[PDB]
Amino acid sequence: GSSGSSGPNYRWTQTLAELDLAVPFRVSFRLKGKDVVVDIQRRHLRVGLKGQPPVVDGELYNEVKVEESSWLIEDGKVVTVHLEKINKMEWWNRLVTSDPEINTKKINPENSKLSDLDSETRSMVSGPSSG
């Protein structure tokens, strides 16, 4: 990261061992481990929200122990992924060898509004049988 032109989309790092990925989302609820999308592959990290576009999608810089992978939802919105190197002794110069697609907009999206709204919800849905 940090080149001059264009910017990233999601935050990520590492520690000459394990990797760390984070993808914030503009939601109004606490995303659960169901409406999320995390395809931690050996040499490919695909992240995103179910139904939504995968913020991450490309061949990792190198194989990574997927079996020892993990991910969670921070602030019930941000999707964090935990990648593990196979050697755990190599510095990566890039998250993926081939970027996904878009790179979203600049860091800050837009904070030119004034918190002043109101709207909730409440209801149920049962699933009957047939035959």
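Residue numbering for the sequence shown follows this note's numbering, starting at 406 and increasing by one per position.
Each residue gets a CB set at the ideal place from its N, CA and C atoms; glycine is no exception.
Between the alpha carbons of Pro413 and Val486 lies a gap of roughly 16 Å. The continuous beta strand (DSSP E) containing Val483 extends over residues 483-489.
In this structure, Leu450 keeps its C-beta atom at 8 Å or more from the C-beta atom of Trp496. Under DSSP, the beta-bridge partners assigned to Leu454 are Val441. A distance below 8 Å separates the beta carbons of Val461 and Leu426. Taking the Cα positions, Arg447 is about 24 Å away from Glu479. Collapsing the DSSP output to three states places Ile507 in coil.
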